[PDB]
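Enquirer: Provided hereafter are the protein sequence and its experimental coordinates.
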There are 8 protein chains.
Amino acid sequence: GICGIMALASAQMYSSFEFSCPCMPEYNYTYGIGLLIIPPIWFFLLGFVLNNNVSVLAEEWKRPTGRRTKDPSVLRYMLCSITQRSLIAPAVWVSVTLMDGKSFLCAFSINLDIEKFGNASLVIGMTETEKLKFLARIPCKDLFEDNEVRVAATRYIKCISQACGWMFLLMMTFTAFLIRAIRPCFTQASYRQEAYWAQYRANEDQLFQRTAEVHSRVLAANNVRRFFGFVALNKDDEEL
Amino acid sequence: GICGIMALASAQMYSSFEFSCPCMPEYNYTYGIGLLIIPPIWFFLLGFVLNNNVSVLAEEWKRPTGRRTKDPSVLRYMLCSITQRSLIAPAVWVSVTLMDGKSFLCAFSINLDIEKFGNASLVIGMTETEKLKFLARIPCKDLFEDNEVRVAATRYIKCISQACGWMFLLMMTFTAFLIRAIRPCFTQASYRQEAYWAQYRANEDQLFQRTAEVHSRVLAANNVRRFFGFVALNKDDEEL
Amino acid sequence: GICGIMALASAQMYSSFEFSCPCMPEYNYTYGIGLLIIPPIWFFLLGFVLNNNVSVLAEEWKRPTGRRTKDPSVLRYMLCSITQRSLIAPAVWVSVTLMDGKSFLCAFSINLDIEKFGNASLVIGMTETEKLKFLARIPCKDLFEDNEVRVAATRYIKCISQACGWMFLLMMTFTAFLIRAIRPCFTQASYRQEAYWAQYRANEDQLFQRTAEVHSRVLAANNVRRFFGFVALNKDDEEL
Amino acid sequence: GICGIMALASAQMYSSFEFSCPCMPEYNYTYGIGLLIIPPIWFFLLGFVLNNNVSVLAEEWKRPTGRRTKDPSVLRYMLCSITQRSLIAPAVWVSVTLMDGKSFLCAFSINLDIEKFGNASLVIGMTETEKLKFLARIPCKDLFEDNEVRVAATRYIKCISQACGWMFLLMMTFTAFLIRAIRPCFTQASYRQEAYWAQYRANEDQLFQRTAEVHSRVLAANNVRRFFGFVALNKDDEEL
Amino acid sequence: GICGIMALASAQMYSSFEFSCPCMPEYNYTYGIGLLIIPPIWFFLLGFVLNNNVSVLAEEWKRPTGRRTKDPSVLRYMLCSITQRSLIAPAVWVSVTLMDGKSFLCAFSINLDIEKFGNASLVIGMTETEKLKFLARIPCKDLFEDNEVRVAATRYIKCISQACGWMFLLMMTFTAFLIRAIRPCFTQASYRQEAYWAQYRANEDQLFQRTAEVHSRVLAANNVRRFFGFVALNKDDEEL
Amino acid sequence: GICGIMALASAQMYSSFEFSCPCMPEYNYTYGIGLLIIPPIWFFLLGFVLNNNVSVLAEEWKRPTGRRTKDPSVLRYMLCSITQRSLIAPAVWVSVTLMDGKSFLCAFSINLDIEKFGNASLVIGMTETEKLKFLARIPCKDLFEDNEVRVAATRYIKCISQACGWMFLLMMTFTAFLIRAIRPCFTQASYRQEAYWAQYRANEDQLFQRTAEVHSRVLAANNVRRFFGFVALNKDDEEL
Amino acid sequence: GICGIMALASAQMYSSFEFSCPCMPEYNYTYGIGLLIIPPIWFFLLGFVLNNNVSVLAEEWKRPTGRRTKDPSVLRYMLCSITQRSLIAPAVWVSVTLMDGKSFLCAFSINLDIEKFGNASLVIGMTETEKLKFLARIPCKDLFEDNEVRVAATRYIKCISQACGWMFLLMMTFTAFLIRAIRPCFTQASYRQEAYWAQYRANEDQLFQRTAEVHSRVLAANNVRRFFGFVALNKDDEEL
Amino acid sequence: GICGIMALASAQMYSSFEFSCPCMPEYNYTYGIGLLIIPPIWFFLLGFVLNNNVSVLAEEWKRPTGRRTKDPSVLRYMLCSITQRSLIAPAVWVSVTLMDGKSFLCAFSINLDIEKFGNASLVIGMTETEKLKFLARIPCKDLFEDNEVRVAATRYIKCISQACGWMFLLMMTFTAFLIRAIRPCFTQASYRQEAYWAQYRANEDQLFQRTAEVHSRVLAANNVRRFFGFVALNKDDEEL
């Protein structure tokens, strides 16, 4: 479906994105956490734009009451099904980013205790501004000279990022399991009036196709006789 | 089926997961054993969410008695078949993790006796805090300097992990062999009333499809005549 | 469609374009920003040329009123649908250029503060003309001798370029989400008179095909009898 | 069949199993011989679980006599055919393990006479505990320093393992040749009553399919008329 | 079409052409600019030769008036459509040559100011004849010894060549957009008399095919009876 | 056929067998010659087990006379055709093993005269036990230090093994040519009574299939009416 | 045909045969010339065994006269066509072996004059036994130390082997051209009585198939009625 | 056709032939020129053997006059068409050998003037026997020590060989162009009596097929009734 291709595209944009973490302390956090948050808000609003039933939902909330074709508990159902469909490409991005651990490493490596992984005399002798500037280059593979305290710290934050990646997949799946145990009682067999209005819209456009094409057959025959001096019809006269 | 693709996806997430064991003693055990346990609880609740008959099971336990369409021994059968289907992707993860031995090596390498594999003078001269910090880096391939006591200890715990991986596959298969010898007497030919209710639900939605589409044909013809000034019907009138 | 192939061609011209940033201060900005701007104006006017309904739109604005076949609110709808279709290959170019960060690096690397990334004694000792000529060669990989302040500065501007690339995709998607919530009330079911005129044009050309081909059958039979001395007709006489 | 895929899977699990023999004398024997024995007991009980006629066999032994549908010499035939089908994936594992010789090398290399292959002064000077610890690391390729007495001893036990692998294939094939010369007189044309009960079960489930689906057609038509206010039937009425 | 394959062949001849710029000052300009200009004049006259309607156009301008089958405003339309079709393979060559920048580098590298890119003492000490002979070998990769002023100058002229390559694509697309807004009023629905004459020519040749083949059937039957002494006709007599 | 796949499998087991010749004098001969002999006896008894007409042959020799369906000269013909079919996978193994010469080299390299190929002073100075232990390691490529007398002796015994491999293929083919010149007079057109009994067995099982399936149709209809309260038959009633 | 696959298999056995020429003077000639001669006698007797019309030819020469179905000049024609078909896989082996020159090099390199190719002082100083042992190792690439007189002598005998390989292909083709100019007068249109007996044998076996299968239908129906108590026939009764 | 595959096989035997030019003066010429000449005489007589109309031509020249079915000017036409078909695989060999120049280099490099290509002091100091032995090794790439006079002489004779290869293709094509301008007047429409005799032979063998197969049907029915006691005919009786 559309959410099968958006789940595949969210994992595929992560693979072709080249993570380019700055190594500065005031721009580490907003780049690292911003890349966790802002591509879900993009993949969520993409899940509204590519779901054409929000255009139907738009014009139903526009009219005043009396003309409205659904109950407000049926317009609220269209809201909830278009939402919990479009929350798969966000949550594939947030889970793939957290298992890979590049974004926790960029965002949180100015918060480390560098005593725990290696040489404490790396940092004894620098000011707190230079302390942060030493720590902030840990994600940046080709700007950090120590390879033992780099490997020990990118392993610790890739671990804690994978712990938060599994507790996220466990609270997302336990949420979606709670709505396969509750939300059928929220719909209460109103999806049939949704599916009747779905079929009513689809055939009304198709009946508009055959009627306008037949109305086109009428105008085209008069225009062709005026064209060269000849009116001509093959088995396109069978609708005429 | 769905459990053929979940058994394949559980083995495939293990291959594309990159194991990133920390090398610290307080975070070794919870990372190693947590990766044995928490992805089965995820693959189990995924086996409920992607099995739509729990949505049917949900609304049958919601109503009071008198309206309920099954016996409570038939609702309990739906519970048992949806359970013992969804226990294959857990047990493929726990068996693949135990044959590979990376998770027993992370979790249990602070428990070793380092005298048994090599140089006892590696550890004579360090405190018990530094003793654990020496032992805990055994999984971490690029943080451990000795390669003889690393190879001897990751071979010993990959062995014991494969012994526990075969005694797990033997107690899982001897359990599933006990339910192919008992559980047909637990069902007691009640699956036919389940399969009758299965066919009753499926055709009721399909008969709702043809009836609403025919009801859509009625409303679309009146709407098209009001649309441009023309009502038109091809062999879509054959249901009309 | 045509906008599926133009979105694919815009990303494909970026991959096969070889970025050749000059390293001079007066030609850095106009090359870098000009490559952000001028290939969108090309991909936009390409989206008008390859959309043949602008040729229809052209001759409808050419005639005086009384002869015109649409309302001016229907000619304005053809303008808006041909515009917001053709704005996808620009915005795929501007997003791919901003995620790659090569154009912000060319354009904005004469604006840097070189103190923030490394050796301040690189530039103490040169005039402001030579200061710019030192800084301007930062994009030019094989003209810059320092590799630490090159890697630190192309990482900082590839970051800020990716921040502007995500805030662009978020203001483009939030704009297109605002027109899936407003613009159906701007069209107001006038697309049917557009689709009736679309079908009226298409069948009028096809009826001109069959009538001129039948008129061709009349002239070809008289010409063949004058040709060798023989008039001959197979089942091409079935339209005759 | 199922035994074609289990013979292929048993050879395929051996290829993807990574043999990880410990190098200790008390854990060599139980790892080496345990890997010869315990994956046959798994592949045997897998040959019962994936053969659904044991579920039929289960409920026939459950009932008391008088109700039982076979003779006890026909239930014993179902036992013997399900056994000698399921003994192919064990015997492909035991033959592939014995031709490869890795399991005899792990299990039996503490039993060697190290005088027969090379330097006798390797072991003159160590205690019998260190004698076993020297010999036990012969399978372990990267823990043994001598390469002449390693190559001479893994060649001797890979030979004796291939001798036992051919005398196993010769006593397995001479056994199965004795049952293609005896066991047709054990069945005594009772397989026809087995095949009649096989066809009686299969069509009874299929006739339960068509009858419950027709019973589903009755309930679905009444439910659809109560659904929106319409009862509708296509050529699904042809069974109605 | 034919202009799809000529646009593909023009880009493909550029890829398989091996640019072999001389390094002399009197033959640089005519080789570099001549390769910009002369393969468009070839790809333009190839667009007339492979467009057979110029053969039709040829014999219509040959006859005197009174016999001529079109208006002179219809012969002028055939000129304009065969022209603006055949201008795509030129303009793909001129755009691909300008984005690649090899032809501006050959043609214009005797015009450079070599002070702007590097060592000014390269040229202080040579006469103006040797000055040009030094500068002219800049395109010639294996004849120029300096690699810093070579890389700085082939980057500057590949830039200015890409600036002229985008302002060419912008003045070609803005021209073709002006003729999708004007030229339908230049044709003024005379393409139907062109398409009637197109169908009149095509069926007149096909009716000449069936009539001459039937006239061939008459002569072949008389010739075969004179051949061996036998006249014979299968279902080739069905046209006879 | 079955003997096409057994000839292919016998050559394919030789390619995937890894020859692991011991280098000891008392285990050279039994490994080398045993690998020539014992895999033919396996491939021969495999040619009886996978040829189901020995199961027919088994039960015909089991009964006393008077009931027996063939003449004893027709049971002896079934013996001879099942034998000379099953002798192809042995003789492909013995020919492939003899052309490759690895088994004559293992078996017969303690029998060599080492004077004929090189340095006679290799063996002057060792006892006859050490003489055999020197000679026996000639097959073992990585245990023999001389490469001139190794290459000269494995070339001499690979020659004599290829001479015995061609005189084997010549006495096997001249034998099978003698039975295409004699054995048709041994059969004496009794294969027709074999082929009549072959067709009598095959259709008797197939007529047992249709009759038991029709008997299954009778029992399934009574069981389905007792099942839910409904007896139902589609075009499965056409045999009923 | 069969001789297309035997010509392909004879060239394919030469490619996969690994030539293993001994380097001794008494075993050079019999290995080299024996490999020219003995695989043709094998490929010739293989051309009789795989040509089933020799089994027909066998039983026609077995009977006394009066019963014999051919003339002795027609049995002699079957001999000549089965011979000159089966002489293609020999003559592809003898031509491929002679163009490759490995067998003339093994067989005839003890016959050389070593003065003609290089250092005459290689052999001045050895006895005639050591003279032959020096010369005999010329084919053996890794046993001969001189590479100039090796390359000069394996080039001379690969030449003379290719001269004998072309004069063989010229006397084989001029022979087969003499039998396409003579042997049609030897057959004298007796192949029609051969082809009538060929069709008489083939349809007699096929009519034996349909008659025995119909006789099988009679016995199977009586056996099935005695089997479970039921006689049953589908459209297998159409031959009954 | 057959001459399409022989032209492809002649070029393909040249590619897989490994040219093995001796380096001796008395065997250079006969190997080099013999390889130009003798594989055309083979590919010519192969063009007679694989053209079955020479077997027809053979038996027509065998009979005396009065019985002969063609005129002697029609038998001479069969000679000329079978000749000038079979001269394509020779002339592809002679042209491919002459463009490659290996055979002129072998044959004619004892005829060179070695003064023209390099060091004249290579040969001043050797006798005329050693002069030829120096020159004759020029084709032999790994026997000639000078690489400047080798490269200069194999370039000169590969040139003259390509000059003779183009003047051969020009005198072969100008010959075949002279027979497409003359030889249709040599045939003089006698190919129709050839094509009538071609069709008379082909249908006479096919009518012999159906008649002998029907005669086979008569004998097979009598033989089958004598076979088991049953005569049986399916739709093979439709020709009976």
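Expert: Thanks, I have the structure now. Residues are numbered from 1 along each chain as shown, chains lettered A, B, ... in the order given.
Enquirer: And the helices in chain A?
Expert: Using DSSP state H, the helices of chain A run over A:2-16, A:25-32, A:34-49, A:53-62, A:72-86, A:89-100, A:102-108, A:128-135, A:148-179, A:184-187, A:191-227.
Enquirer: Check which residues of the fifth one are buried.
Expert: Yep, that's helix A:72-86 we're talking about. The neighbour-count check on helix A:72-86 (16 or more other CB atoms under 10 Å in any protein chain shown) flags A:74-75, A:77-78, A:82, A:85-86 as buried. No exception for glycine: its C-beta is placed from N, CA and C like everyone else's.
Enquirer: For the closest residue to chain H within chain A, grab the count of nearby residues.
Expert: For chain A and chain H, the shortest gap (CB to the nearest CB) falls at residue A:235, measuring 44.0 Å. Per other CB atoms under 10 Å in any protein chain shown, the neighbour tally for residue A:235 reads 7.
Enquirer: Excluding residues flanking it in the chain, which one is nearest the residue most central in space within chain A?
Expert: Closest to where the C-alpha atoms of chain A average out (CA atoms, centre = their mean) is residue A:43, at 2.2 Å. Closest residue to residue A:43 apart from its sequence neighbours, by CB to CB, 6 or more residues apart in numbering or on different chains: residue A:89 at 4.2 Å.
Enquirer: Would you enumerate the residues in contact with that neighbour?
Expert: A:3, A:6-7, A:9-10, A:43-44, A:46-47 (CB atoms under 8 Å, 6 or more residues apart in numbering or on different chains).
Enquirer: Residue A:194 is in contact with residue A:77, isn't it?
Expert: Yes. Using CB atoms under 8 Å, residue A:194 is in contact with residue A:77, at 6.9 Å.
Enquirer: circling back: report the contact partners of the residue nearest to the centre of chain A.
Expert: Contacts of residue A:43 (CB under 8 Å, 6+ apart): A:6, A:10, A:89-90, A:93.
Enquirer: try it again with 10 Å
Expert: A:6-7, A:9-10, A:13, A:86-94, C:173 (CB atoms under 10 Å, 6 or more residues apart in numbering or on different chains).
Enquirer: Among the residues you listed, which one sits closest to chain B?
Expert: Among these, and counting by CB to the nearest CB, the member closest to chain B is residue A:88, at 11.8 Å.
Enquirer: Tell me how many other residues crowd the residue nearest to residue A:207 when sequence neighbours are not counted.
Expert: Using CB to CB, 6+ apart and skipping the chain neighbours, the partner closest in space to residue A:207 is residue B:224 (4.3 Å). Neighbours of residue B:224 under the rule other CB under 10 Å: 25.
Enquirer: OK, contacts around the residue nearest to residue A:68 when sequence neighbours are not counted?
Expert: Spatial nearest neighbour of residue A:68, excluding adjacent residues (CB to CB, 6+ apart): residue A:60 at 6.0 Å. By CB under 10 Å, 6+ apart, the residues touching residue A:60 are A:67-70, A:72, A:74-75, A:78, A:197.
Enquirer: most tightly surrounded among the helices of chain A?
Expert: Mean neighbours per residue, mean count of other CB atoms under 10 Å in any protein chain shown, is largest over the helices of chain A for helix A:102-108, with a mean of 23.
Enquirer: So is that one next to chain B?
Expert: No. Against chain B, helix A:102-108 shows no contacts by CB under 10 Å from any CB of the partner chain, the least distance being 11.0 Å.
Enquirer: Determine the set of other helices and strands touching that helix.
Expert: Counting contacts by 3 or more CB pairs under 10 Å, 6 or more residues apart in numbering or on different chains; DSSP states H and E, helix A:102-108 is packed against helix A:25-32, helix A:34-49, helix A:89-100, helix A:148-179.
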